[PDB]
Amino acid sequence: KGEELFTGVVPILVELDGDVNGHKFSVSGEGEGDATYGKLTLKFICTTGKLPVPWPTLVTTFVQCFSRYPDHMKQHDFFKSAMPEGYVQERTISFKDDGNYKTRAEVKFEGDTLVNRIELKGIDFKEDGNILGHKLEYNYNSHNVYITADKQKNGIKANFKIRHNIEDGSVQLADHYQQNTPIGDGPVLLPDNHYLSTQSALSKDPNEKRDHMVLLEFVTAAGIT
């Protein structure tokens, strides 16, 4: 019955508590998602001051239940099936020739609002690296999130490579390993191998003086005919 909760516009709240190399920070996000069009619109604000890591590095961490699963692929939608009770989303983001982020998130409904609560821990980052040195461009490339079933843990696994554009024209690879498990005891949909075609656009709010990020994301499931 999870899919019925996403037929219209659903309010989203994102809350993150982070620690990267001892730099403690918090981010609060607000917006909405419309799964019918695989549309996600969110505005994030760093409530502790200046964000110690570049904004693009946190995009993937900051609600795949808003992905548009075409009608013929609806039996492969794990994300919506785990709702309203939700799911736990865990990741290990390995930045090539640099450190790593270990994230634990709980995505669930709090009333009629979809909430993403995250704890992020970043370790072994280089002081003058692409991350702590803030050498990443404020943009985002299109990617494919490859999903596979994890029948033993009653959830899914995902593997993908995020390419962050560096200011000098080079690329900072951020390899993602993901694990999602349902919070509830109800039946979930265990999918066949497929992918989520993601398109992300980053922008700024001209009237906002606080360190922020406005995200517009379009996600469509594909890979099954």
# chains A, B, ... in the order shown; residues from 1 in each chain; ligands from 1
>>> select_by_dssp(residues="range 20-137 of chain A", states="helix (DSSP H, G or I)", output="PDB file with C-alpha atoms, in the first residue's frame")
ATOM      1  CA  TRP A  55      27.686  21.191  -0.947  1.00  0.00           C
ATOM      2  CA  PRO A  56      27.796  18.743  -3.926  1.00  0.00           C
ATOM      3  CA  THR A  57      29.403  16.039  -1.733  1.00  0.00           C
ATOM      4  CA  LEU A  58      26.237  15.859   0.380  1.00  0.00           C
ATOM      5  CA  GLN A  64      14.647   7.693  -3.436  1.00  0.00           C
ATOM      6  CA  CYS A  65      10.965   7.037  -2.709  1.00  0.00           C
ATOM      7  CA  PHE A  66      10.388  10.040  -4.968  1.00  0.00           C
ATOM      8  CA  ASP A  71       3.934   1.482 -14.491  1.00  0.00           C
ATOM      9  CA  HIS A  72       5.557  -1.669 -15.928  1.00  0.00           C
ATOM     10  CA  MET A  73       8.259  -1.414 -13.220  1.00  0.00           C
ATOM     11  CA  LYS A  74       6.065  -0.673 -10.169  1.00  0.00           C
ATOM     12  CA  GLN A  75       6.580  -4.162  -8.682  1.00  0.00           C
ATOM     13  CA  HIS A  76      10.274  -3.200  -8.367  1.00  0.00           C
ATOM     14  CA  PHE A  78      11.281  -1.097  -2.747  1.00  0.00           C
ATOM     15  CA  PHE A  79      11.397   2.503  -1.530  1.00  0.00           C
ATOM     16  CA  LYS A  80       7.664   3.238  -1.626  1.00  0.00           C
ATOM     17  CA  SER A  81       6.750  -0.277  -0.425  1.00  0.00           C
TER      18      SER A  81
END
>>> residues_around(residues="residue 9 in chain A", least_positions_apart="5", cutoff="10 Å", atoms="only C-alpha atoms", output="number ranges by chain")
A: 32-36, 39-40, 66
>>> atom_distance(atom1="CA of residue 141 in chain A", atom2="CA of residue 171 in chain A")
10.9 Å
>>> residues_around(residues="residue 181 in chain A", least_positions_apart="6", cutoff="9 Å", atoms="only C-alpha atoms", output="PDB file with C-alpha atoms, in the first residue's frame")
ATOM      1  CA  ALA A  82       8.548   0.236   2.906  1.00  0.00           C
ATOM      2  CA  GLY A  86      10.077   3.559   6.319  1.00  0.00           C
ATOM      3  CA  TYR A  87      13.607   2.331   5.774  1.00  0.00           C
ATOM      4  CA  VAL A  88      17.167   2.611   7.040  1.00  0.00           C
ATOM      5  CA  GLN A  89      19.608   3.848   4.366  1.00  0.00           C
ATOM      6  CA  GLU A  90      23.304   3.215   5.036  1.00  0.00           C
ATOM      7  CA  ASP A 150      19.435  -8.201  -0.787  1.00  0.00           C
ATOM      8  CA  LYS A 153      18.324  -8.699   4.819  1.00  0.00           C
ATOM      9  CA  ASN A 154      14.840  -8.175   3.222  1.00  0.00           C
ATOM     10  CA  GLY A 155      16.098  -5.039   1.469  1.00  0.00           C
ATOM     11  CA  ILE A 156      18.268  -3.679  -1.326  1.00  0.00           C
TER      12      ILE A 156
END
>>> closest_residue(among="A:224, A:20, A:14, A:136", to="residue 123 in chain A", atoms="only C-alpha atoms")
A:20
>>> select_by_dssp(residues="range 6-221 of chain A", states="strand (DSSP E)", output="MDAnalysis selection string")
chainID A and resid 10:20 23:34 39:46 87:95 100:110 113:123 143:150 155:165 171:182 194:203 212:221
>>> atom_distance(atom1="CA of residue 52 in chain A", atom2="CA of residue 96 in chain A")
18.6 Å
>>> residues_around(residues="range 190-200 of chain A", least_positions_apart="2", cutoff="6 Å", atoms="only C-alpha atoms", output="list in words")
residues 76, 140, 142, 143, 144, 145, 146, 147, 148, 149, 216, 217, 218, 219, 220, 221, 222 and 223 of chain A
>>> write_last_selection(atoms="N, CA and C atoms", output="compact mmCIF listing (two decimals), in the first residue's frame")
# COMPACT_ATOMS: atom_id res chain seq x y z
N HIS A 76 8.86 -3.29 -8.70
CA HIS A 76 10.27 -3.20 -8.37
C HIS A 76 10.62 -2.01 -7.48
N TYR A 140 26.48 19.47 -10.78
CA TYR A 140 26.25 18.04 -10.62
C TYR A 140 25.95 17.36 -11.94
N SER A 142 24.84 13.88 -14.37
CA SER A 142 23.78 12.87 -14.40
C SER A 142 24.41 11.51 -14.10
N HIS A 143 23.74 10.70 -13.28
CA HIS A 143 24.27 9.38 -12.89
C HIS A 143 23.23 8.27 -12.90
N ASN A 144 23.72 7.03 -12.85
CA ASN A 144 22.87 5.84 -12.81
C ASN A 144 23.15 5.10 -11.50
N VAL A 145 22.09 4.90 -10.71
CA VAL A 145 22.15 4.20 -9.42
C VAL A 145 21.72 2.75 -9.66
N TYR A 146 22.68 1.83 -9.66
CA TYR A 146 22.40 0.41 -9.91
C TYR A 146 21.94 -0.32 -8.66
N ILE A 147 20.67 -0.73 -8.69
CA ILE A 147 20.03 -1.42 -7.57
C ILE A 147 19.96 -2.92 -7.79
N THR A 148 20.24 -3.66 -6.72
CA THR A 148 20.19 -5.12 -6.69
C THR A 148 19.46 -5.49 -5.40
N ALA A 149 18.82 -6.65 -5.38
CA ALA A 149 18.10 -7.11 -4.19
C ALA A 149 19.03 -7.78 -3.18
N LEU A 216 17.25 20.66 -7.36
CA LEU A 216 16.15 20.26 -8.23
C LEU A 216 16.64 18.92 -8.79
N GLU A 217 15.91 17.86 -8.49
CA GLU A 217 16.29 16.53 -8.93
C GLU A 217 15.17 15.77 -9.64
N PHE A 218 15.54 15.09 -10.72
CA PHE A 218 14.62 14.27 -11.51
C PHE A 218 15.20 12.88 -11.55
N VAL A 219 14.45 11.92 -11.01
CA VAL A 219 14.89 10.53 -10.96
C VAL A 219 13.85 9.62 -11.61
N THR A 220 14.31 8.80 -12.55
CA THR A 220 13.45 7.86 -13.27
C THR A 220 14.06 6.47 -13.23
N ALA A 221 13.26 5.47 -12.89
CA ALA A 221 13.71 4.09 -12.87
C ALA A 221 13.69 3.54 -14.29
N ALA A 222 14.70 2.73 -14.62
CA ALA A 222 14.84 2.14 -15.96
C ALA A 222 15.66 0.85 -15.88
N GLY A 223 15.86 0.21 -17.03
CA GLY A 223 16.63 -1.02 -17.08
C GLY A 223 15.84 -2.29 -17.27
>>> residues_around(residues="residue 178 in chain A", least_positions_apart="6", cutoff="8 Å", atoms="only C-alpha atoms", output="list in words")
residues 89, 90, 91, 92, 157, 158 and 159 of chain A
>>> closest_residue(among="A:83, A:63, A:107, A:12", to="residue 185 in chain A", atoms="only C-alpha atoms")
A:83
>>> closest_residue(among="A:209, A:151, A:68, A:126", to="residue 188 in chain A", atoms="only C-alpha atoms")
A:151
>>> closest_residue(among="A:105, A:118, A:13, A:132", to="residue 42 in chain A", atoms="only C-alpha atoms")
A:13
>>> atom_distance(atom1="CA of residue 212 in chain A", atom2="CA of residue 45 in chain A")
4.5 Å
>>> decode(residues="range 49-197 of chain A", atoms="C-alpha atoms", output="PDB file, in the first residue's frame")
ATOM      1  CA  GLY A  49      27.427  28.365  10.134  1.00  0.00           C
ATOM      2  CA  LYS A  50      29.744  27.595   7.215  1.00  0.00           C
ATOM      3  CA  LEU A  51      29.610  24.088   5.744  1.00  0.00           C
ATOM      4  CA  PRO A  52      33.142  22.541   6.109  1.00  0.00           C
ATOM      5  CA  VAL A  53      32.678  20.260   3.073  1.00  0.00           C
ATOM      6  CA  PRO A  54      31.473  21.270  -0.435  1.00  0.00           C
ATOM      7  CA  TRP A  55      27.686  21.191  -0.947  1.00  0.00           C
ATOM      8  CA  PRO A  56      27.796  18.743  -3.926  1.00  0.00           C
ATOM      9  CA  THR A  57      29.403  16.039  -1.733  1.00  0.00           C
ATOM     10  CA  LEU A  58      26.237  15.859   0.380  1.00  0.00           C
ATOM     11  CA  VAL A  59      23.588  15.679  -2.412  1.00  0.00           C
ATOM     12  CA  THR A  60      23.277  11.867  -2.403  1.00  0.00           C
ATOM     13  CA  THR A  61      23.046  11.791   1.402  1.00  0.00           C
ATOM     14  CA  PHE A  62      20.304  14.470   1.512  1.00  0.00           C
ATOM     15  CA  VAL A  63      14.809  10.137  -0.540  1.00  0.00           C
ATOM     16  CA  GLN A  64      14.647   7.693  -3.436  1.00  0.00           C
ATOM     17  CA  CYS A  65      10.965   7.037  -2.709  1.00  0.00           C
ATOM     18  CA  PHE A  66      10.388  10.040  -4.968  1.00  0.00           C
ATOM     19  CA  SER A  67      11.837   8.249  -7.990  1.00  0.00           C
ATOM     20  CA  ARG A  68       9.432   7.743 -10.877  1.00  0.00           C
ATOM     21  CA  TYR A  69       8.932   4.046 -11.332  1.00  0.00           C
ATOM     22  CA  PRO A  70       7.167   3.518 -14.695  1.00  0.00           C
ATOM     23  CA  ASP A  71       3.934   1.482 -14.491  1.00  0.00           C
ATOM     24  CA  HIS A  72       5.557  -1.669 -15.928  1.00  0.00           C
ATOM     25  CA  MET A  73       8.259  -1.414 -13.220  1.00  0.00           C
ATOM     26  CA  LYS A  74       6.065  -0.673 -10.169  1.00  0.00           C
ATOM     27  CA  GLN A  75       6.580  -4.162  -8.682  1.00  0.00           C
ATOM     28  CA  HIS A  76      10.274  -3.200  -8.367  1.00  0.00           C
ATOM     29  CA  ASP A  77       9.753  -0.156  -6.119  1.00  0.00           C
ATOM     30  CA  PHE A  78      11.281  -1.097  -2.747  1.00  0.00           C
ATOM     31  CA  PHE A  79      11.397   2.503  -1.530  1.00  0.00           C
ATOM     32  CA  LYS A  80       7.664   3.238  -1.626  1.00  0.00           C
ATOM     33  CA  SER A  81       6.750  -0.277  -0.425  1.00  0.00           C
ATOM     34  CA  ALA A  82       8.548   0.236   2.906  1.00  0.00           C
ATOM     35  CA  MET A  83       6.327   3.257   3.609  1.00  0.00           C
ATOM     36  CA  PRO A  84       4.848   4.615   5.984  1.00  0.00           C
ATOM     37  CA  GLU A  85       7.087   2.798   8.533  1.00  0.00           C
ATOM     38  CA  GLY A  86      10.077   3.559   6.319  1.00  0.00           C
ATOM     39  CA  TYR A  87      13.607   2.331   5.774  1.00  0.00           C
ATOM     40  CA  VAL A  88      17.167   2.611   7.040  1.00  0.00           C
ATOM     41  CA  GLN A  89      19.608   3.848   4.366  1.00  0.00           C
ATOM     42  CA  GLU A  90      23.304   3.215   5.036  1.00  0.00           C
ATOM     43  CA  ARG A  91      26.201   4.307   2.827  1.00  0.00           C
ATOM     44  CA  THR A  92      29.973   4.296   2.554  1.00  0.00           C
ATOM     45  CA  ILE A  93      31.063   7.059   0.195  1.00  0.00           C
ATOM     46  CA  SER A  94      34.715   6.581  -0.735  1.00  0.00           C
ATOM     47  CA  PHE A  95      36.380   9.629  -2.249  1.00  0.00           C
ATOM     48  CA  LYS A  96      39.225   8.477  -4.511  1.00  0.00           C
ATOM     49  CA  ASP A  97      42.662   9.469  -3.131  1.00  0.00           C
ATOM     50  CA  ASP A  98      40.945  11.017  -0.088  1.00  0.00           C
ATOM     51  CA  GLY A  99      38.673  10.126   2.846  1.00  0.00           C
ATOM     52  CA  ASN A 100      35.254   8.580   3.308  1.00  0.00           C
ATOM     53  CA  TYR A 101      31.745   9.355   4.550  1.00  0.00           C
ATOM     54  CA  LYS A 102      29.798   6.764   6.510  1.00  0.00           C
ATOM     55  CA  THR A 103      26.120   7.686   6.614  1.00  0.00           C
ATOM     56  CA  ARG A 104      23.137   6.226   8.450  1.00  0.00           C
ATOM     57  CA  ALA A 105      19.691   7.549   7.616  1.00  0.00           C
ATOM     58  CA  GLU A 106      16.118   6.772   8.581  1.00  0.00           C
ATOM     59  CA  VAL A 107      13.549   7.732   5.953  1.00  0.00           C
ATOM     60  CA  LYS A 108       9.908   7.589   7.098  1.00  0.00           C
ATOM     61  CA  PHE A 109       6.608   9.423   7.328  1.00  0.00           C
ATOM     62  CA  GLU A 110       5.939  11.732  10.254  1.00  0.00           C
ATOM     63  CA  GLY A 111       2.262  12.352   9.647  1.00  0.00           C
ATOM     64  CA  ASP A 112       1.894  13.311   5.979  1.00  0.00           C
ATOM     65  CA  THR A 113       5.484  14.577   5.757  1.00  0.00           C
ATOM     66  CA  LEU A 114       8.359  12.436   4.466  1.00  0.00           C
ATOM     67  CA  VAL A 115      11.373  12.836   6.752  1.00  0.00           C
ATOM     68  CA  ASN A 116      15.044  11.994   6.136  1.00  0.00           C
ATOM     69  CA  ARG A 117      17.096  12.006   9.378  1.00  0.00           C
ATOM     70  CA  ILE A 118      20.836  11.488   8.802  1.00  0.00           C
ATOM     71  CA  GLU A 119      24.004  10.944  10.850  1.00  0.00           C
ATOM     72  CA  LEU A 120      27.200  11.497   8.819  1.00  0.00           C
ATOM     73  CA  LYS A 121      30.769  10.637   9.842  1.00  0.00           C
ATOM     74  CA  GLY A 122      33.684  11.647   7.610  1.00  0.00           C
ATOM     75  CA  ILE A 123      37.238  10.449   8.319  1.00  0.00           C
ATOM     76  CA  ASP A 124      40.791  10.494   6.857  1.00  0.00           C
ATOM     77  CA  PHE A 125      40.337  13.546   4.652  1.00  0.00           C
ATOM     78  CA  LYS A 126      43.360  15.487   3.407  1.00  0.00           C
ATOM     79  CA  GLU A 127      43.587  19.118   4.593  1.00  0.00           C
ATOM     80  CA  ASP A 128      44.389  20.429   1.107  1.00  0.00           C
ATOM     81  CA  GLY A 129      42.388  17.747  -0.721  1.00  0.00           C
ATOM     82  CA  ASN A 130      39.401  18.367  -3.009  1.00  0.00           C
ATOM     83  CA  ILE A 131      36.916  18.122  -0.143  1.00  0.00           C
ATOM     84  CA  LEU A 132      38.417  20.036   2.824  1.00  0.00           C
ATOM     85  CA  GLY A 133      40.200  22.386   0.424  1.00  0.00           C
ATOM     86  CA  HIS A 134      36.839  23.219  -1.256  1.00  0.00           C
ATOM     87  CA  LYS A 135      38.019  22.530  -4.803  1.00  0.00           C
ATOM     88  CA  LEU A 136      34.757  21.129  -6.176  1.00  0.00           C
ATOM     89  CA  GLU A 137      32.566  23.079  -8.600  1.00  0.00           C
ATOM     90  CA  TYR A 138      29.017  23.967  -7.635  1.00  0.00           C
ATOM     91  CA  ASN A 139      27.367  21.650 -10.180  1.00  0.00           C
ATOM     92  CA  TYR A 140      26.249  18.040 -10.618  1.00  0.00           C
ATOM     93  CA  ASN A 141      26.419  15.425 -13.368  1.00  0.00           C
ATOM     94  CA  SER A 142      23.784  12.866 -14.400  1.00  0.00           C
ATOM     95  CA  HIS A 143      24.265   9.380 -12.893  1.00  0.00           C
ATOM     96  CA  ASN A 144      22.873   5.844 -12.806  1.00  0.00           C
ATOM     97  CA  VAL A 145      22.154   4.204  -9.422  1.00  0.00           C
ATOM     98  CA  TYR A 146      22.405   0.405  -9.907  1.00  0.00           C
ATOM     99  CA  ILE A 147      20.031  -1.416  -7.571  1.00  0.00           C
ATOM    100  CA  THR A 148      20.191  -5.117  -6.687  1.00  0.00           C
ATOM    101  CA  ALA A 149      18.101  -7.113  -4.191  1.00  0.00           C
ATOM    102  CA  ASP A 150      19.435  -8.201  -0.787  1.00  0.00           C
ATOM    103  CA  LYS A 151      16.982 -11.037  -0.095  1.00  0.00           C
ATOM    104  CA  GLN A 152      18.795 -12.091   3.116  1.00  0.00           C
ATOM    105  CA  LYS A 153      18.324  -8.699   4.819  1.00  0.00           C
ATOM    106  CA  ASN A 154      14.840  -8.175   3.222  1.00  0.00           C
ATOM    107  CA  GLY A 155      16.098  -5.039   1.469  1.00  0.00           C
ATOM    108  CA  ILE A 156      18.268  -3.679  -1.326  1.00  0.00           C
ATOM    109  CA  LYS A 157      21.858  -2.798  -2.199  1.00  0.00           C
ATOM    110  CA  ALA A 158      23.024  -0.059  -4.559  1.00  0.00           C
ATOM    111  CA  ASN A 159      26.345   0.626  -6.257  1.00  0.00           C
ATOM    112  CA  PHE A 160      27.237   3.789  -8.163  1.00  0.00           C
ATOM    113  CA  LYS A 161      30.046   6.202  -8.957  1.00  0.00           C
ATOM    114  CA  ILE A 162      29.499   9.942  -8.504  1.00  0.00           C
ATOM    115  CA  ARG A 163      31.743  12.201 -10.564  1.00  0.00           C
ATOM    116  CA  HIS A 164      32.337  15.571  -8.878  1.00  0.00           C
ATOM    117  CA  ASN A 165      33.814  18.200 -11.207  1.00  0.00           C
ATOM    118  CA  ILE A 166      36.987  19.801  -9.789  1.00  0.00           C
ATOM    119  CA  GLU A 167      37.741  23.517 -10.445  1.00  0.00           C
ATOM    120  CA  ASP A 168      40.790  22.729 -12.627  1.00  0.00           C
ATOM    121  CA  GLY A 169      38.767  20.576 -15.034  1.00  0.00           C
ATOM    122  CA  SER A 170      39.543  17.202 -13.418  1.00  0.00           C
ATOM    123  CA  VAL A 171      37.162  14.696 -11.753  1.00  0.00           C
ATOM    124  CA  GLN A 172      36.830  13.620  -8.101  1.00  0.00           C
ATOM    125  CA  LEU A 173      35.361  10.117  -8.001  1.00  0.00           C
ATOM    126  CA  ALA A 174      33.033   9.338  -5.094  1.00  0.00           C
ATOM    127  CA  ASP A 175      32.231   5.639  -5.064  1.00  0.00           C
ATOM    128  CA  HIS A 176      28.973   4.820  -3.285  1.00  0.00           C
ATOM    129  CA  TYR A 177      28.022   1.533  -1.629  1.00  0.00           C
ATOM    130  CA  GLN A 178      24.449   1.554  -0.320  1.00  0.00           C
ATOM    131  CA  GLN A 179      22.293  -0.713   1.866  1.00  0.00           C
ATOM    132  CA  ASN A 180      18.565  -0.213   2.584  1.00  0.00           C
ATOM    133  CA  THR A 181      16.515  -2.297   5.057  1.00  0.00           C
ATOM    134  CA  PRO A 182      12.842  -1.737   6.092  1.00  0.00           C
ATOM    135  CA  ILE A 183      11.928  -0.449   9.577  1.00  0.00           C
ATOM    136  CA  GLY A 184       8.513  -2.156   9.567  1.00  0.00           C
ATOM    137  CA  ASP A 185       7.607  -5.857   9.613  1.00  0.00           C
ATOM    138  CA  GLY A 186       5.268  -5.553   6.621  1.00  0.00           C
ATOM    139  CA  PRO A 187       6.035  -7.009   3.118  1.00  0.00           C
ATOM    140  CA  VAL A 188       8.326  -5.023   0.858  1.00  0.00           C
ATOM    141  CA  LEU A 189       9.057  -5.298  -2.852  1.00  0.00           C
ATOM    142  CA  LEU A 190      12.339  -7.091  -3.624  1.00  0.00           C
ATOM    143  CA  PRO A 191      13.379  -5.833  -7.106  1.00  0.00           C
ATOM    144  CA  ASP A 192      15.155  -7.316 -10.087  1.00  0.00           C
ATOM    145  CA  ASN A 193      18.348  -5.576 -11.243  1.00  0.00           C
ATOM    146  CA  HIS A 194      17.567  -2.079 -12.488  1.00  0.00           C
ATOM    147  CA  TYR A 195      18.818   1.489 -12.249  1.00  0.00           C
ATOM    148  CA  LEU A 196      17.694   4.978 -11.298  1.00  0.00           C
ATOM    149  CA  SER A 197      18.577   7.602 -13.918  1.00  0.00           C
TER     150      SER A 197
END
